[PDB]
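Source file: target.cif (mmCIF, C-alpha atoms)
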```cif
data_protein
loop_
_atom_site.group_PDB
_atom_site.id
_atom_site.type_symbol
_atom_site.label_atom_id
_atom_site.label_comp_id
_atom_site.auth_asym_id
_atom_site.auth_seq_id
_atom_site.Cartn_x
_atom_site.Cartn_y
_atom_site.Cartn_z
ATOM 1 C CA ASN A 1 -5.870 -9.051 -8.779
ATOM 2 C CA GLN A 2 -5.836 -6.219 -6.210
ATOM 3 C CA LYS A 3 -3.081 -3.608 -6.563
ATOM 4 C CA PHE A 4 -1.300 -1.792 -3.706
ATOM 5 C CA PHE A 5 0.858 1.276 -3.303
ATOM 6 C CA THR A 6 4.045 1.008 -1.250
ATOM 7 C CA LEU A 7 4.460 3.896 1.211
ATOM 8 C CA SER A 8 7.860 5.446 2.021
ATOM 9 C CA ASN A 9 8.043 3.186 5.131
ATOM 10 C CA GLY A 10 7.585 0.005 3.019
ATOM 11 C CA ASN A 11 3.980 -0.581 4.174
ATOM 12 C CA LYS A 12 1.326 -1.489 1.578
ATOM 13 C CA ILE A 13 -2.017 0.308 1.108
ATOM 14 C CA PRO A 14 -4.836 -0.951 -1.189
ATOM 15 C CA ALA A 15 -4.630 1.244 -4.293
ATOM 16 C CA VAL A 16 -8.358 2.210 -4.238
ATOM 17 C CA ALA A 17 -10.493 3.111 -1.204
ATOM 18 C CA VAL A 18 -14.061 2.024 -1.960
ATOM 19 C CA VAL A 19 -15.928 2.426 1.381
ATOM 20 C CA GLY A 20 -16.658 5.952 2.578
ATOM 21 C CA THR A 21 -18.589 6.882 5.714
ATOM 22 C CA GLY A 22 -20.196 10.258 4.852
ATOM 23 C CA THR A 23 -23.772 10.762 6.046
ATOM 24 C CA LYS A 24 -25.513 11.783 2.839
ATOM 25 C CA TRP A 25 -26.846 14.468 5.229
ATOM 26 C CA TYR A 26 -24.160 15.926 7.489
ATOM 27 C CA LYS A 27 -24.461 14.442 11.006
ATOM 28 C CA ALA A 28 -24.625 17.177 13.656
ATOM 29 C CA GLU A 29 -24.784 15.018 16.789
ATOM 30 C CA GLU A 30 -24.082 11.486 17.933
ATOM 31 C CA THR A 31 -27.351 10.056 19.349
ATOM 32 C CA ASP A 32 -29.453 6.962 18.694
ATOM 33 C CA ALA A 33 -31.694 9.285 16.576
ATOM 34 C CA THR A 34 -28.766 10.301 14.293
ATOM 35 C CA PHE A 35 -27.302 6.780 13.914
ATOM 36 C CA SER A 36 -27.559 5.906 10.186
ATOM 37 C CA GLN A 37 -28.722 2.309 9.757
ATOM 38 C CA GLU A 38 -28.335 2.821 5.967
ATOM 39 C CA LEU A 39 -24.615 3.648 6.328
ATOM 40 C CA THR A 40 -23.848 0.825 8.791
ATOM 41 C CA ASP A 41 -25.646 -1.614 6.443
ATOM 42 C CA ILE A 42 -23.613 -0.556 3.368
ATOM 43 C CA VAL A 43 -20.310 -0.771 5.298
ATOM 44 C CA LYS A 44 -21.236 -4.227 6.616
ATOM 45 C CA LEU A 45 -22.316 -5.390 3.147
ATOM 46 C CA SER A 46 -19.003 -4.069 1.713
ATOM 47 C CA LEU A 47 -16.907 -5.887 4.336
ATOM 48 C CA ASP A 48 -18.957 -9.072 3.762
ATOM 49 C CA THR A 49 -18.931 -9.150 -0.054
ATOM 50 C CA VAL A 50 -16.128 -7.002 -1.538
ATOM 51 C CA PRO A 51 -13.150 -9.261 -2.345
ATOM 52 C CA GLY A 52 -9.613 -8.618 -1.092
ATOM 53 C CA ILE A 53 -8.448 -5.964 1.375
ATOM 54 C CA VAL A 54 -11.289 -3.432 1.763
ATOM 55 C CA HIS A 55 -9.939 0.123 2.182
ATOM 56 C CA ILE A 56 -12.305 2.320 4.272
ATOM 57 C CA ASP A 57 -11.930 6.123 4.320
ATOM 58 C CA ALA A 58 -13.365 7.525 7.572
ATOM 59 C CA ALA A 59 -13.077 10.877 9.324
ATOM 60 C CA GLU A 60 -13.722 12.291 12.792
ATOM 61 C CA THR A 61 -15.766 15.154 11.261
ATOM 62 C CA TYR A 62 -18.453 12.734 9.901
ATOM 63 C CA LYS A 63 -19.452 11.593 13.430
ATOM 64 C CA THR A 64 -20.104 8.111 12.000
ATOM 65 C CA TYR A 65 -17.633 6.135 14.168
ATOM 66 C CA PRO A 66 -20.600 4.317 15.850
ATOM 67 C CA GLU A 67 -21.891 3.106 12.467
ATOM 68 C CA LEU A 68 -18.403 1.990 11.368
ATOM 69 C CA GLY A 69 -17.817 0.310 14.761
ATOM 70 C CA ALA A 70 -21.108 -1.624 14.623
ATOM 71 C CA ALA A 71 -20.271 -2.832 11.082
ATOM 72 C CA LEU A 72 -16.691 -3.811 12.075
ATOM 73 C CA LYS A 73 -18.099 -5.827 15.024
ATOM 74 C CA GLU A 74 -20.888 -7.562 13.012
ATOM 75 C CA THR A 75 -18.819 -8.505 9.888
ATOM 76 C CA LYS A 76 -16.853 -11.772 9.917
ATOM 77 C CA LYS A 77 -14.399 -10.012 7.516
ATOM 78 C CA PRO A 78 -11.086 -10.375 9.402
ATOM 79 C CA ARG A 79 -9.388 -7.216 10.694
ATOM 80 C CA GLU A 80 -6.219 -7.816 8.628
ATOM 81 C CA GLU A 81 -8.369 -7.755 5.401
ATOM 82 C CA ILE A 82 -9.509 -4.175 6.194
ATOM 83 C CA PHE A 83 -7.456 -1.002 5.773
ATOM 84 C CA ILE A 84 -8.920 1.812 7.905
ATOM 85 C CA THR A 85 -7.977 5.421 7.107
ATOM 86 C CA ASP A 86 -9.131 7.963 9.720
ATOM 87 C CA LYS A 87 -8.656 11.751 9.969
ATOM 88 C CA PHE A 88 -8.288 14.180 12.872
ATOM 89 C CA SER A 89 -10.824 17.009 12.483
ATOM 90 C CA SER A 90 -8.617 20.102 12.377
ATOM 91 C CA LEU A 91 -11.079 22.437 10.595
ATOM 92 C CA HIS A 92 -13.884 21.875 13.131
ATOM 93 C CA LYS A 93 -12.730 20.892 16.628
ATOM 94 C CA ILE A 94 -14.369 17.746 18.104
ATOM 95 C CA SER A 95 -11.305 16.617 20.171
ATOM 96 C CA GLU A 96 -8.531 18.667 21.796
ATOM 97 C CA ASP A 97 -5.774 17.026 19.736
ATOM 98 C CA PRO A 98 -4.948 13.974 17.606
ATOM 99 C CA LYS A 99 -4.145 11.749 20.608
ATOM 100 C CA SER A 100 -7.574 12.384 22.112
ATOM 101 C CA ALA A 101 -9.339 12.056 18.746
ATOM 102 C CA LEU A 102 -7.730 8.714 17.910
ATOM 103 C CA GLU A 103 -8.179 7.284 21.446
ATOM 104 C CA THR A 104 -11.902 8.117 21.176
ATOM 105 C CA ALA A 105 -12.128 6.713 17.633
ATOM 106 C CA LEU A 106 -10.370 3.429 18.545
ATOM 107 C CA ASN A 107 -12.878 2.842 21.358
ATOM 108 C CA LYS A 108 -15.941 3.746 19.216
ATOM 109 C CA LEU A 109 -14.660 1.582 16.319
ATOM 110 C CA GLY A 110 -13.825 -1.316 18.712
ATOM 111 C CA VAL A 111 -10.326 -1.618 17.175
ATOM 112 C CA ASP A 112 -6.758 -1.418 18.498
ATOM 113 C CA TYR A 113 -5.275 0.581 15.591
ATOM 114 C CA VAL A 114 -6.049 2.416 12.366
ATOM 115 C CA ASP A 115 -4.038 1.678 9.235
ATOM 116 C CA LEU A 116 -3.607 5.363 8.299
ATOM 117 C CA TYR A 117 -4.217 8.519 10.324
ATOM 118 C CA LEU A 118 -4.328 11.918 8.633
ATOM 119 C CA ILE A 119 -4.540 15.544 9.725
ATOM 120 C CA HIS A 120 -7.695 16.489 7.808
ATOM 121 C CA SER A 121 -6.744 20.123 7.054
ATOM 122 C CA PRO A 122 -3.784 22.467 7.571
ATOM 123 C CA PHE A 123 -6.357 25.158 8.531
ATOM 124 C CA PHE A 124 -6.881 24.696 12.282
ATOM 125 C CA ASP A 125 -10.100 25.796 13.996
ATOM 126 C CA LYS A 126 -9.336 28.882 16.124
ATOM 127 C CA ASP A 127 -10.803 26.855 19.064
ATOM 128 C CA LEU A 128 -8.000 24.253 18.857
ATOM 129 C CA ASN A 129 -5.276 24.823 21.470
ATOM 130 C CA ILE A 130 -2.627 23.031 19.363
ATOM 131 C CA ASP A 131 -0.749 24.105 16.216
ATOM 132 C CA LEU A 132 0.221 22.107 13.117
ATOM 133 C CA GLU A 133 3.713 21.236 14.443
ATOM 134 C CA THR A 134 2.321 19.902 17.755
ATOM 135 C CA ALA A 135 -0.455 17.957 15.960
ATOM 136 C CA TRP A 136 2.075 16.316 13.596
ATOM 137 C CA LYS A 137 4.252 15.386 16.583
ATOM 138 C CA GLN A 138 1.174 13.734 18.144
ATOM 139 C CA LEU A 139 0.737 11.714 14.927
ATOM 140 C CA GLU A 140 4.436 10.755 15.161
ATOM 141 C CA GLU A 141 3.801 9.433 18.686
ATOM 142 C CA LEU A 142 0.662 7.507 17.534
ATOM 143 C CA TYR A 143 2.825 5.962 14.768
ATOM 144 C CA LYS A 144 5.570 5.015 17.251
ATOM 145 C CA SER A 145 3.012 3.467 19.664
ATOM 146 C CA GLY A 146 1.329 1.514 16.804
ATOM 147 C CA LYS A 147 -2.129 3.149 17.209
ATOM 148 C CA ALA A 148 -1.646 4.494 13.658
ATOM 149 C CA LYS A 149 0.217 2.127 11.332
ATOM 150 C CA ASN A 150 0.880 4.982 8.875
ATOM 151 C CA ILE A 151 0.549 8.771 9.241
ATOM 152 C CA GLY A 152 0.015 11.645 6.861
ATOM 153 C CA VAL A 153 -1.936 14.764 6.008
ATOM 154 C CA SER A 154 -4.785 15.976 3.838
ATOM 155 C CA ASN A 155 -5.282 19.153 1.767
ATOM 156 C CA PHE A 156 -1.692 20.244 2.450
ATOM 157 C CA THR A 157 0.075 22.650 0.083
ATOM 158 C CA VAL A 158 3.789 22.446 -0.722
ATOM 159 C CA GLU A 159 4.300 25.157 1.932
ATOM 160 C CA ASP A 160 2.262 23.120 4.477
ATOM 161 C CA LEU A 161 4.330 19.960 3.761
ATOM 162 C CA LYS A 162 7.528 22.022 4.146
ATOM 163 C CA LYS A 163 6.302 23.190 7.611
ATOM 164 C CA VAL A 164 5.843 19.537 8.625
ATOM 165 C CA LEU A 165 9.182 18.452 7.059
ATOM 166 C CA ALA A 166 10.936 21.223 9.122
ATOM 167 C CA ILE A 167 9.883 19.551 12.426
ATOM 168 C CA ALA A 168 9.285 15.906 11.377
ATOM 169 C CA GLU A 169 11.169 12.882 12.677
ATOM 170 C CA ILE A 170 8.744 10.771 10.562
ATOM 171 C CA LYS A 171 8.093 12.228 7.097
ATOM 172 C CA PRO A 172 4.346 12.236 6.225
ATOM 173 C CA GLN A 173 3.611 9.120 4.146
ATOM 174 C CA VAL A 174 0.370 10.317 2.473
ATOM 175 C CA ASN A 175 -1.198 13.620 1.397
ATOM 176 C CA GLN A 176 -4.898 13.148 0.588
ATOM 177 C CA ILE A 177 -5.953 15.933 -1.813
ATOM 178 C CA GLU A 178 -8.839 16.675 -4.118
ATOM 179 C CA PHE A 179 -7.728 15.396 -7.533
ATOM 180 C CA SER A 180 -9.606 14.698 -10.767
ATOM 181 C CA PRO A 181 -9.175 15.349 -14.502
ATOM 182 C CA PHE A 182 -10.740 18.804 -13.724
ATOM 183 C CA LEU A 183 -8.393 19.529 -10.781
ATOM 184 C CA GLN A 184 -4.956 18.101 -11.571
ATOM 185 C CA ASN A 185 -3.178 20.350 -9.011
ATOM 186 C CA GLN A 186 -5.321 21.123 -5.943
ATOM 187 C CA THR A 187 -2.737 23.764 -4.973
ATOM 188 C CA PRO A 188 0.259 24.857 -7.060
ATOM 189 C CA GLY A 189 2.744 22.084 -7.891
ATOM 190 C CA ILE A 190 1.387 19.737 -5.206
ATOM 191 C CA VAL A 191 1.299 16.597 -7.378
ATOM 192 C CA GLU A 192 4.860 16.900 -8.727
ATOM 193 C CA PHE A 193 6.277 17.890 -5.313
ATOM 194 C CA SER A 194 4.560 15.079 -3.418
ATOM 195 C CA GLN A 195 5.525 12.383 -5.978
ATOM 196 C CA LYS A 196 9.166 13.613 -6.110
ATOM 197 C CA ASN A 197 9.356 13.442 -2.251
ATOM 198 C CA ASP A 198 7.866 9.889 -1.988
ATOM 199 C CA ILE A 199 4.669 11.164 -0.329
ATOM 200 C CA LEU A 200 1.767 9.127 -1.722
ATOM 201 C CA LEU A 201 -1.142 11.227 -2.990
ATOM 202 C CA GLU A 202 -4.680 10.076 -2.420
ATOM 203 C CA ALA A 203 -7.373 11.654 -4.594
ATOM 204 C CA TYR A 204 -10.738 12.407 -3.033
ATOM 205 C CA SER A 205 -13.655 13.410 -5.259
ATOM 206 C CA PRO A 206 -11.926 11.786 -8.274
ATOM 207 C CA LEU A 207 -15.395 11.478 -9.903
ATOM 208 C CA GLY A 208 -16.059 15.264 -9.630
ATOM 209 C CA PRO A 209 -16.536 15.418 -13.444
ATOM 210 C CA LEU A 210 -19.406 12.855 -13.211
ATOM 211 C CA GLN A 211 -21.051 14.630 -10.286
ATOM 212 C CA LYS A 212 -20.946 17.960 -12.188
ATOM 213 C CA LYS A 213 -21.700 16.301 -15.529
ATOM 214 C CA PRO A 214 -23.427 19.148 -17.460
ATOM 215 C CA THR A 215 -26.560 18.378 -19.476
ATOM 216 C CA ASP A 216 -24.621 18.911 -22.747
ATOM 217 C CA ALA A 217 -22.290 16.018 -21.870
ATOM 218 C CA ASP A 218 -22.993 14.246 -25.174
ATOM 219 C CA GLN A 219 -21.275 17.233 -26.899
ATOM 220 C CA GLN A 220 -18.348 17.722 -24.505
ATOM 221 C CA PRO A 221 -15.050 16.166 -25.739
ATOM 222 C CA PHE A 222 -14.062 14.956 -22.253
ATOM 223 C CA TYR A 223 -17.366 13.110 -21.621
ATOM 224 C CA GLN A 224 -17.546 11.804 -25.212
ATOM 225 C CA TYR A 225 -14.077 10.259 -24.806
ATOM 226 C CA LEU A 226 -14.851 8.883 -21.339
ATOM 227 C CA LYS A 227 -17.955 7.164 -22.826
ATOM 228 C CA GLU A 228 -15.813 5.777 -25.712
ATOM 229 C CA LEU A 229 -13.383 4.226 -23.194
ATOM 230 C CA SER A 230 -16.247 2.820 -21.083
ATOM 231 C CA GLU A 231 -17.644 1.128 -24.245
ATOM 232 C CA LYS A 232 -14.197 -0.084 -25.327
ATOM 233 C CA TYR A 233 -13.476 -1.837 -22.011
ATOM 234 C CA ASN A 234 -17.085 -2.712 -20.966
ATOM 235 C CA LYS A 235 -16.438 -0.846 -17.702
ATOM 236 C CA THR A 236 -18.300 2.089 -16.178
ATOM 237 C CA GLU A 237 -17.178 5.687 -16.770
ATOM 238 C CA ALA A 238 -16.500 5.840 -12.996
ATOM 239 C CA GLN A 239 -14.219 2.791 -13.255
ATOM 240 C CA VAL A 240 -12.284 4.420 -16.145
ATOM 241 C CA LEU A 241 -11.746 7.644 -14.116
ATOM 242 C CA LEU A 242 -10.709 5.726 -10.937
ATOM 243 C CA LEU A 243 -8.239 3.674 -12.970
ATOM 244 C CA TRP A 244 -6.892 6.878 -14.577
ATOM 245 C CA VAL A 245 -6.122 8.237 -11.086
ATOM 246 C CA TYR A 246 -4.242 5.004 -10.280
ATOM 247 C CA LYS A 247 -2.331 5.294 -13.600
ATOM 248 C CA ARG A 248 -1.286 8.849 -12.527
ATOM 249 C CA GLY A 249 0.334 7.128 -9.466
ATOM 250 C CA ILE A 250 -2.417 8.400 -7.128
ATOM 251 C CA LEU A 251 -4.779 6.416 -4.854
ATOM 252 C CA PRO A 252 -8.452 7.172 -5.666
ATOM 253 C CA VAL A 253 -10.867 7.512 -2.741
ATOM 254 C CA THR A 254 -14.557 6.941 -3.626
ATOM 255 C CA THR A 255 -17.684 6.735 -1.390
ATOM 256 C CA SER A 256 -20.761 5.280 -3.113
ATOM 257 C CA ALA A 257 -23.845 4.114 -1.201
ATOM 258 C CA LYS A 258 -24.505 1.566 -4.021
ATOM 259 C CA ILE A 259 -22.883 -1.798 -3.284
ATOM 260 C CA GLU A 260 -22.428 -2.548 -7.027
ATOM 261 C CA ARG A 261 -20.512 0.747 -7.469
ATOM 262 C CA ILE A 262 -18.375 -0.134 -4.435
ATOM 263 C CA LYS A 263 -17.598 -3.570 -6.003
ATOM 264 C CA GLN A 264 -16.933 -1.887 -9.386
ATOM 265 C CA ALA A 265 -14.456 0.535 -7.744
ATOM 266 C CA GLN A 266 -12.606 -2.365 -6.054
ATOM 267 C CA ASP A 267 -12.497 -4.123 -9.443
ATOM 268 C CA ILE A 268 -10.732 -1.324 -11.411
ATOM 269 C CA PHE A 269 -7.655 -3.631 -11.597
ATOM 270 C CA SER A 270 -9.707 -6.003 -13.823
ATOM 271 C CA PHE A 271 -8.523 -3.853 -16.794
ATOM 272 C CA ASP A 272 -5.892 -1.301 -17.792
ATOM 273 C CA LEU A 273 -5.579 1.912 -19.816
ATOM 274 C CA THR A 274 -2.943 2.369 -22.488
ATOM 275 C CA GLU A 275 -0.369 5.152 -22.187
ATOM 276 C CA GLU A 276 -2.250 6.977 -24.992
ATOM 277 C CA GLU A 277 -5.581 6.708 -23.120
ATOM 278 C CA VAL A 278 -4.087 7.993 -19.835
ATOM 279 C CA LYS A 279 -2.488 10.936 -21.666
ATOM 280 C CA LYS A 280 -5.705 11.714 -23.577
ATOM 281 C CA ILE A 281 -7.849 11.749 -20.373
ATOM 282 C CA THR A 282 -5.199 14.027 -18.817
ATOM 283 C CA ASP A 283 -5.066 16.368 -21.838
ATOM 284 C CA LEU A 284 -8.852 16.623 -22.352
ATOM 285 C CA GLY A 285 -9.217 17.180 -18.602
ATOM 286 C CA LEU A 286 -6.604 20.010 -18.592
ATOM 287 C CA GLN A 287 -8.521 21.785 -21.402
ATOM 288 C CA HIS A 288 -11.584 21.885 -19.118
ATOM 289 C CA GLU A 289 -12.324 24.655 -16.571
ATOM 290 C CA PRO A 290 -11.316 23.615 -13.002
ATOM 291 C CA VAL A 291 -13.965 21.970 -10.818
ATOM 292 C CA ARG A 292 -13.230 22.202 -7.076
ATOM 293 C CA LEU A 293 -15.745 20.746 -4.612
ATOM 294 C CA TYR A 294 -13.789 21.025 -1.301
ATOM 295 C CA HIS A 295 -11.612 23.567 0.513
ATOM 296 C CA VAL A 296 -13.254 26.040 -1.909
ATOM 297 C CA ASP A 297 -12.931 29.071 0.398
ATOM 298 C CA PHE A 298 -9.193 28.359 0.945
ATOM 299 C CA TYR A 299 -8.015 27.283 -2.514
ATOM 300 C CA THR A 300 -10.160 29.212 -5.058
ATOM 301 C CA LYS A 301 -7.133 31.533 -5.314
ATOM 302 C CA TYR A 302 -5.217 28.565 -6.821
ATOM 303 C CA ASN A 303 -7.819 27.629 -9.473
ATOM 304 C CA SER A 304 -5.792 29.392 -12.226
ATOM 305 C CA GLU A 305 -2.854 26.988 -11.589
ATOM 306 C CA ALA A 306 -4.936 23.824 -11.038
ATOM 307 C CA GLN A 307 -5.060 23.053 -14.804
#
```

Representation of the structure as structure tokens:
Amino acid sequence: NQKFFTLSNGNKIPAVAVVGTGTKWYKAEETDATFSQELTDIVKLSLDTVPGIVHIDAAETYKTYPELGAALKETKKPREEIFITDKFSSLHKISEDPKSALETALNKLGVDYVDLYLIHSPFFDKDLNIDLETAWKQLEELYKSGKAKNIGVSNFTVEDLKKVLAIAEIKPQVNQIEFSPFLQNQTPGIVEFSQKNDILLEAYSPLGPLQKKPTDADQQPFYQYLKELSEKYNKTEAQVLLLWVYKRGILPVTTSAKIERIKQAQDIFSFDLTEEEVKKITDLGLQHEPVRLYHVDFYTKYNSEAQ
């Protein structure tokens, strides 16, 4: 039942990521006191009970490698039935460079490789002693050594991708961006450019519209239609939006702490949307004001082009 995207290198990636590792409260330090039993328990439960290949989206910045590592050790879910995406913290330095970050992560996770490694932001912390070019080249070496089965970037503009393409031996395989019906181009032209250049887009915060659901939702065309589709298919509104992202050729990344929502996200491929329905979600979304939840200070200037 599970669907996959095929990356430019021929490798497959599960077409929805359903396990996220954010502490609901930002985690400032890594101590026994800050270890989140609640997070480790939901990751373990997901690995135990979610059918098929379970795609986890992790990140150095979360400081939840210990919780992911404990869950990975305690599950009997086999390693090959897990796809682990990890991200080098470029915005806020924790490691000197990608090589150091991933070496540390592999040891904390208790694993030999990650399935996808991303540069989390093109906007490097002033405290980092490495530039974008040098970081990408480190990802190329982690790809060649097999520590990262696939490599890519996150929150890159067209100009950022062009900077990588100018020095790349290995073309980035993924660009994880914020994408939803209320933000259909995180930065100008990114969707069209990425898809034309065989760089797979992942969409984080694809459920932004449901987070920022206004209290007049019952009277808003977008939310009215989303409810109509939910009722038509006997699926949740979340499931309809996640499937819409997939139908736009983009891999939705979601991060619920409710096991039934995690299972529902994995199960989006239990139905389909017609061409009309995909187009109508798109069109009603584009009529809406942009909603941007991440990289706000960097990309506000692009809001006028996002829809």

Requested in this report: Would you mind reading off the distance between atom CA of residue 203 of chain A and atom CA of residue 74 of chain A, one decimal, in Å?
Outcome: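 Atom CA of residue 74 of chain A lies at a distance of 29.4 Å from atom CA of residue 203 of chain A.
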
Requested in this report: On this file, the PyMOL selection byres ((chain A and resi 257-270) around 6) gives some set of residues; write that set as a list in words.
Outcome: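 That expression, the PyMOL selection byres ((chain A and resi 257-270) around 6), corresponds here to residues 18, 50, 239, 243, 256 and 271 of chain A.
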
**Report entry** Test item: the PyMOL selection byres ((chain A and resi 298) around 12) resolved as a PyMOL selection string
**Finding:** chain A and resi 91+121-123+155-157+186-187+292-297+299-303

Requested in this report: Mind giving me the straight-line distance from atom CA of residue 230 of chain A to atom CA of residue 272 of chain A in Å, one decimal?
Outcome: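 So the answer is 11.6 Å.
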
Query raised in the report: Expanded to explicit residues, what is the PyMOL selection byres ((chain A and resi 103-110) around 7) for this file, as a count of residues only?
Result: 11

Report task. Give as a PyMOL selection string each residue that has an atom at most 10 Å from (-10.0, 12.5, -1.7) in the file, counting only C-alpha atoms. Result -> chain A and resi 17+57+154-155+175-180+201-207+251-255+294

Requested in this report: Within 7 Å of residue 67 of chain A, counting only C-alpha atoms, which residues show up once you throw out same-chain ones fewer than 2 positions away? Write them as a list in words, please.
Outcome: residues 35, 36, 39, 40, 64, 65, 69, 70 and 71 of chain A

Restrict the selected residues to C-alpha atoms and save them as a PDB file, in the coordinates of the input.
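Full text of result-v6.pdb as output:
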```pdb
ATOM      1  CA  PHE A  35     -27.302   6.780  13.914  1.00  0.00           C
ATOM      2  CA  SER A  36     -27.559   5.906  10.186  1.00  0.00           C
ATOM      3  CA  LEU A  39     -24.615   3.648   6.328  1.00  0.00           C
ATOM      4  CA  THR A  40     -23.848   0.825   8.791  1.00  0.00           C
ATOM      5  CA  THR A  64     -20.104   8.111  12.000  1.00  0.00           C
ATOM      6  CA  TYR A  65     -17.633   6.135  14.168  1.00  0.00           C
ATOM      7  CA  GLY A  69     -17.817   0.310  14.761  1.00  0.00           C
ATOM      8  CA  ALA A  70     -21.108  -1.624  14.623  1.00  0.00           C
ATOM      9  CA  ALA A  71     -20.271  -2.832  11.082  1.00  0.00           C
TER      10      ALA A  71
END
```

Report task. For atom CA of residue 184 of chain A and atom CA of residue 305 of chain A, determine how far apart the two atoms are, in Å to one decimal place. Result -> 9.1 Å

**Report entry** Residue nearest residue 141 of chain A - candidates A:19, A:170, A:306, A:165, atoms counted: only C-alpha atoms
**Finding:**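 Using only C-alpha atoms, the shortest distance to residue 141 of chain A belongs to A:170.
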